[PDB]
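A.B. asks: Input file: entry26.txt. Contents: compact mmCIF, C-alpha atoms (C1' of nucleotides).
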# COMPACT_ATOMS: atom_id res chain seq x y z
CA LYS A 48 13.37 4.81 7.98
CA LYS A 49 10.24 5.99 6.07
CA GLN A 50 10.68 8.21 3.02
CA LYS A 51 7.13 9.50 2.44
CA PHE A 52 6.18 11.21 -0.85
CA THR A 53 5.62 14.96 -0.63
CA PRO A 54 3.01 16.81 -2.69
CA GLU A 55 5.87 18.04 -4.87
CA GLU A 56 7.10 14.51 -5.53
CA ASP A 57 3.56 13.32 -6.30
CA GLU A 58 3.15 15.99 -9.00
CA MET A 59 6.48 15.01 -10.55
CA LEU A 60 5.50 11.35 -10.38
CA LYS A 61 2.30 12.22 -12.24
CA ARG A 62 4.20 14.13 -14.96
CA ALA A 63 6.76 11.32 -15.22
CA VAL A 64 3.98 8.77 -15.68
CA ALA A 65 2.21 11.00 -18.21
CA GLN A 66 5.52 11.05 -20.05
CA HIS A 67 6.93 7.52 -19.67
CA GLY A 68 3.82 5.49 -18.89
CA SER A 69 4.67 2.33 -16.95
CA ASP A 70 8.47 2.37 -17.32
CA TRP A 71 9.23 2.50 -13.63
CA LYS A 72 13.01 2.26 -13.96
CA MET A 73 12.94 5.31 -16.22
CA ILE A 74 10.41 7.20 -14.12
CA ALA A 75 12.46 6.52 -10.98
CA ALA A 76 15.65 7.90 -12.58
CA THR A 77 13.91 11.26 -12.86
CA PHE A 78 14.24 11.41 -9.08
CA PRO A 79 17.59 11.72 -7.33
CA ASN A 80 15.89 10.16 -4.39
CA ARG A 81 13.51 7.36 -5.38
CA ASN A 82 13.63 3.85 -6.78
CA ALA A 83 11.31 2.04 -9.20
CA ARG A 84 9.47 0.15 -6.44
CA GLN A 85 8.79 3.38 -4.56
CA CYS A 86 7.30 5.16 -7.61
CA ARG A 87 5.43 2.07 -8.76
CA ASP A 88 3.83 1.64 -5.30
CA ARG A 89 3.05 5.33 -4.89
CA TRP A 90 1.26 5.47 -8.26
CA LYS A 91 -0.53 2.14 -7.95
CA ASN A 92 -1.86 2.70 -4.43
CA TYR A 93 -2.26 6.47 -4.17
CA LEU A 94 -1.93 8.50 -7.36
CA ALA A 95 -3.61 6.48 -10.11
CA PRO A 96 -6.79 8.15 -11.37
CA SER A 97 -8.98 5.20 -10.33
CA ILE A 98 -7.90 5.49 -6.69
CA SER A 99 -10.68 6.59 -4.34
CA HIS A 100 -9.90 9.25 -1.75
CA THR A 101 -13.34 9.40 -0.16
CA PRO A 102 -13.86 8.03 3.37
CA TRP A 103 -15.05 4.43 3.83
CA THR A 104 -18.85 4.12 3.67
CA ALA A 105 -20.83 1.98 6.14
CA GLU A 106 -21.66 -0.29 3.23
CA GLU A 107 -17.97 -0.75 2.35
CA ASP A 108 -17.20 -1.77 5.92
CA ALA A 109 -20.06 -4.25 5.72
CA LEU A 110 -18.69 -5.63 2.46
CA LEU A 111 -15.23 -5.93 4.02
CA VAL A 112 -16.48 -7.90 7.06
CA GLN A 113 -18.51 -10.10 4.70
CA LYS A 114 -15.57 -10.69 2.38
CA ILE A 115 -13.18 -11.57 5.20
CA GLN A 116 -15.56 -14.22 6.50
CA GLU A 117 -15.59 -15.47 2.91
CA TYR A 118 -11.95 -15.28 1.82
CA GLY A 119 -9.95 -14.85 5.01
CA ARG A 120 -6.97 -12.49 4.78
CA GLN A 121 -6.61 -12.57 0.96
CA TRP A 122 -6.53 -8.80 0.53
CA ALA A 123 -5.84 -8.58 -3.21
CA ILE A 124 -8.65 -11.03 -3.91
CA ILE A 125 -10.93 -9.04 -1.61
CA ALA A 126 -9.93 -5.68 -3.14
CA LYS A 127 -11.38 -6.77 -6.48
CA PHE A 128 -14.78 -5.90 -4.99
CA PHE A 129 -13.79 -2.31 -4.09
CA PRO A 130 -13.57 -0.20 -7.26
CA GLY A 131 -11.08 2.50 -6.10
CA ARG A 132 -9.27 0.65 -3.29
CA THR A 133 -6.29 -1.72 -3.37
CA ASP A 134 -5.11 -4.52 -1.07
CA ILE A 135 -3.19 -1.86 0.84
CA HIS A 136 -6.34 0.11 1.71
CA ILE A 137 -8.38 -3.04 2.48
CA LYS A 138 -5.81 -4.48 4.93
CA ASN A 139 -5.23 -1.10 6.65
CA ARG A 140 -8.97 -0.68 7.04
CA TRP A 141 -9.27 -4.12 8.63
CA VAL A 142 -6.54 -3.39 11.17
CA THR A 143 -8.47 -0.31 12.19
CA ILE A 144 -11.92 -1.90 12.22
CA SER A 145 -10.79 -4.98 14.17
CA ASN A 146 -9.00 -2.69 16.62
CA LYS A 147 -12.19 -0.71 17.28
CA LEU A 148 -14.03 -4.04 17.51
CA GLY A 149 -11.62 -5.34 20.11
CA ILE A 150 -9.39 -7.38 17.77
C1' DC B 1 -1.74 6.29 21.70
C1' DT B 2 -4.02 5.41 16.93
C1' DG B 3 -4.36 5.25 11.84
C1' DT B 4 -2.03 4.50 7.85
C1' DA B 5 1.91 5.11 4.09
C1' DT B 6 6.09 2.71 3.40
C1' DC B 7 9.19 -1.01 3.55
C1' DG B 8 11.25 -6.07 4.35
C1' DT B 9 10.61 -10.08 2.27
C1' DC B 10 8.53 -13.73 0.18
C1' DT B 11 5.79 -15.24 -4.05
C1' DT B 12 4.29 -14.98 -8.64
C1' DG B 13 4.78 -13.66 -13.53
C1' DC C 1 14.21 -8.96 -12.76
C1' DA C 2 9.83 -6.78 -12.26
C1' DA C 3 5.60 -6.81 -10.13
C1' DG C 4 2.38 -8.71 -6.84
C1' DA C 5 1.30 -9.72 -2.25
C1' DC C 6 1.12 -9.33 2.91
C1' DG C 7 2.93 -8.49 7.69
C1' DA C 8 5.38 -5.18 10.21
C1' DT C 9 6.81 -0.80 11.30
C1' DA C 10 7.71 4.19 11.41
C1' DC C 11 5.86 8.34 12.52
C1' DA C 12 2.56 12.34 12.22
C1' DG C 13 -0.82 14.14 14.73
As a first step, turn the structure in this file into structure tokens.

C.D. replies:
Amino acid sequence: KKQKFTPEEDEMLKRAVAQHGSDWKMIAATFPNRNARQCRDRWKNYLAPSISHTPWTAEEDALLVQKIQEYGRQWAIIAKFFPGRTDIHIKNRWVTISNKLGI
DNA sequence: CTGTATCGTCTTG
DNA sequence: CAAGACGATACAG
């Protein structure tokens, strides 16, 4: 039920975006196998240049716990304070932290 | 079993 | 009618 992007697909996605910008319908059609939502999500949350791939710092965790006390579970709002992370990363991180904290 | 990328679905633009 | 948003879920390791 999960069709995860392979490194090959990611590179193609990159090229397609370099070529067609933000025309997701058109970028998707370059795949036999992928829709607009899938490419849009993959770019926006994983491949865009601004996305951070470095592990969460202690200070980021601290900011997350602070921001949750402040905003509740409004992940997109909270993600504004994390330069290279999106709501996806912020909410995943909280599931993991709260788990290790004893939910 | 856990951590996390994807997906169902609702909401907003 | 596309894109944003969030909970749930698949699934690798």

A.B. asks: Give me, as a PDB file with C-alpha atoms, keeping the file's coordinate frame, the residues of chain A touching chain C, with the criterion being at most 8 Å (counting all atoms listed in the file).

C.D. replies:
ATOM      1  CA  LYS A  48      13.370   4.810   7.980  1.00  0.00           C
ATOM      2  CA  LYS A  49      10.240   5.990   6.070  1.00  0.00           C
ATOM      3  CA  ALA A 123      -5.840  -8.580  -3.210  1.00  0.00           C
TER       4      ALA A 123
END

A.B. asks: What are the nearest atom pairs, with distances in Å to one decimal, for all residues of chain A that come at most 10 Å from chain B, using all atoms listed in the file, set out by chain and rising residue number as a tab-separated table?

C.D. replies:
residue	atom	partner	partner_atom	distance
A:48	CA	B:7	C1'	8.4
A:49	CA	B:6	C1'	5.9
A:50	CA	B:6	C1'	7.2
A:51	CA	B:6	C1'	6.9
A:52	CA	B:5	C1'	8.9
A:85	CA	B:6	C1'	8.4
A:88	CA	B:6	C1'	9.1
A:89	CA	B:5	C1'	9.1
A:92	CA	B:5	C1'	9.6
A:93	CA	B:5	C1'	9.4
A:135	CA	B:5	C1'	9.2
A:136	CA	B:4	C1'	8.7
A:139	CA	B:4	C1'	6.6
A:140	CA	B:4	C1'	8.7
A:142	CA	B:3	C1'	8.9
A:143	CA	B:3	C1'	6.9
A:146	CA	B:2	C1'	9.5

A.B. asks: So which residues touch segment 75-82 of chain A within 8 Å, counting only C-alpha atoms (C1' of nucleotides), skipping near sequence neighbours fewer than 4 positions away, as a VMD selection string?

C.D. replies: chain A and resid 63 71 86

A.B. asks: Filtering to C-alpha atoms, could you give me those residues as a PDB file, keeping the file's coordinate frame?

C.D. replies:
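Once written, out.pdb looks like this:
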ATOM      1  CA  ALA A  63       6.760  11.320 -15.220  1.00  0.00           C
ATOM      2  CA  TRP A  71       9.230   2.500 -13.630  1.00  0.00           C
ATOM      3  CA  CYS A  86       7.300   5.160  -7.610  1.00  0.00           C
TER       4      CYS A  86
END

A.B. asks: One number please: atom CA of residue 149 of chain A to atom CA of residue 112 of chain A, in Å, one decimal.

C.D. replies: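 Between these atoms lies a distance of 14.2 Å.
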
A.B. asks: Between atom CA of residue 96 of chain A and atom CA of residue 61 of chain A, measure the distance and give it in Å to one decimal.

C.D. replies: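 Interatomic distance, atom CA of residue 96 of chain A to atom CA of residue 61 of chain A: 10.0 Å.
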
A.B. asks: Between atom CA of residue 132 of chain A and atom CA of residue 62 of chain A, what is the distance, to one decimal in Å?

C.D. replies: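 Distance between the two atoms: 22.3 Å.
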
A.B. asks: If the box runs along x, y and z of the file and leaves 5 Å on each side of chain C, what are its centre and edge lengths in Å, one decimal, as AutoDock Vina command-line options?

C.D. replies:
--center_x 6.7 --center_y 2.2 --center_z 1.0 --size_x 25.0 --size_y 33.9 --size_z 37.5

A.B. asks: Residues proximal to (-8.1, 0.9, -11.5) were defined as those with any atom within 9 Å of that point in the file's coordinates, counting all atoms listed in the file. Which are they, as a PyMOL selection string?

C.D. replies: chain A and resi 91+95-98+130-133
